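As structure tokens, the structure follows; a few thoughts come after it.
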Amino acid sequence: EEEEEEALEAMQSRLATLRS
Amino acid sequence: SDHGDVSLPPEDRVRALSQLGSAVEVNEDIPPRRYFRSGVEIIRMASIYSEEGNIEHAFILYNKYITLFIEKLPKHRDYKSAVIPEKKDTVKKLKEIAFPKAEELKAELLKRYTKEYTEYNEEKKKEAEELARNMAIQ
């Protein structure tokens with residue numbers, strides 16, 4: 001659960017890159 | 001539309017699509033779990049759009065899926081409260097499917113659009129040069 005939230009949070013920068 | 005205009009730089013056309021994907025709104029009166037359950041069908045539909053050659057709609061829809069599970073849904077009033085058995089498989093799907101597919105579609109869209117942009121600009125240049133020559137003649 002912590003590890004899932006943490007995985008989602010780690011993908012924020014990747015979403016930023018996707019939107020670039 | 002920005003994304004449809006061949007005269008527009010390929011990067012702006014692609015950004016218009018990912019912007020449309022980002023626009024997805026979370027209804028606070030829908031339980032977060034329903035969003036997780038819907039993920040399976042969203043993925044299926046995005047795959048179908050891609051296979052149809054509708055890469056713009058596939059790209060938009062993967063962006064929506066990603067925007068939802070990454071950005072918007074964690075901000076849902078009931079999110080932190082919710083017990084979501086599907087969350088683990090959703091993380092796995094984001095990594096396995098949604099991100100790499102959307103990234104691959106982004107590259108494909110950039111490549112197609114660049115071809116269109118190049119060819120268009122070449123045609124328009126020749127036409128503009130012709131007009132410039134004729135305005136000199138007169």
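By order in the structure tokens, chains are A, B, ...; within a chain, residues start at 1; ligands start at 1, following the order shown.
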
Residues of chain A were defined as contacting chain B if any atom lay at most 8 Å from it, counting only C-alpha atoms; please report them as JSON, numbers by chain. {"A": [4, 7, 8, 9, 11, 12, 15, 18, 19, 20]}

Could you pull the residues within 7 Å of region 26-43 of chain B, counting only C-alpha atoms, minus those fewer than 6 positions along the same chain, as a CSV table (one decimal) with N, CA and C atoms, in the first residue's frame?
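Full text of out.csv as output:
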```csv
chain,number,residue,atom,x,y,z
B,72,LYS,N,-5.0,12.7,-10.7
B,72,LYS,CA,-6.3,13.2,-10.2
B,72,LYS,C,-6.9,12.3,-9.1
B,73,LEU,N,-7.0,11.0,-9.3
B,73,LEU,CA,-7.6,10.1,-8.4
B,73,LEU,C,-7.0,10.2,-7.0
B,76,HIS,N,-8.8,12.5,-4.7
B,76,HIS,CA,-10.2,12.3,-4.4
B,76,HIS,C,-10.4,12.3,-2.9
B,77,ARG,N,-11.4,13.0,-2.4
B,77,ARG,CA,-11.7,13.1,-0.9
B,77,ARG,C,-11.7,11.7,-0.2
B,78,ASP,N,-12.2,10.7,-0.9
B,78,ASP,CA,-12.3,9.3,-0.3
B,78,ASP,C,-11.1,8.4,-0.6
B,79,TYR,N,-10.1,8.9,-1.3
B,79,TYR,CA,-9.0,8.1,-1.8
B,79,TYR,C,-8.2,7.5,-0.7
B,84,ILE,N,-8.4,-0.5,-1.8
B,84,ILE,CA,-8.5,-0.8,-3.2
B,84,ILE,C,-7.7,-2.0,-3.6
B,86,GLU,N,-7.6,-3.5,-6.3
B,86,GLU,CA,-7.1,-3.4,-7.7
B,86,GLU,C,-5.9,-2.5,-7.8
B,87,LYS,N,-5.4,-1.8,-6.8
B,87,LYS,CA,-4.4,-0.8,-6.9
B,87,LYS,C,-3.1,-1.4,-7.4
```

Could you list, as a PyMOL selection string, every residue within 12 Å of residue 44 (chain B), counting only C-alpha atoms and ignoring same-chain residues fewer than 4 positions away? chain B and resi 38-40+48-51+58+61-62+65+93+97-98

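Coordinates place CA of residue 112 (chain B) at a distance of 12.1 Å from CA of residue 53 (chain B).
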
What is the distance between CA of residue 56 (chain B) and CA of residue 109 (chain B), in Å to one decimal? 7.5 Å

Using DSSP on the backbone, list every residue of region 21-69 of chain B that comes out as helix (DSSP H, G or I), and give them as a ChimeraX atom specification. /B:21-22,32-51,55-69

Distance in Å - CA of residue 124 (chain B) versus CA of residue 10 (chain B): 16.5 Å

Non-local contacts of residue 2 (chain B) (7 Å; only C-alpha atoms; under 2 positions in same chain excluded) as JSON, numbers by chain: {"B": [4, 5, 13, 16]}

Store the residues of this selection in a file with C-alpha atoms, as a PDB file, in the first residue's frame.
```pdb
ATOM      1  CA  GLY B   4      -5.356  18.207 -37.127  1.00  0.00           C
ATOM      2  CA  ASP B   5      -3.616  21.259 -38.591  1.00  0.00           C
ATOM      3  CA  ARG B  13      -0.083  18.952 -32.376  1.00  0.00           C
ATOM      4  CA  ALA B  16      -2.811  19.317 -27.922  1.00  0.00           C
TER       5      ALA B  16
END
```
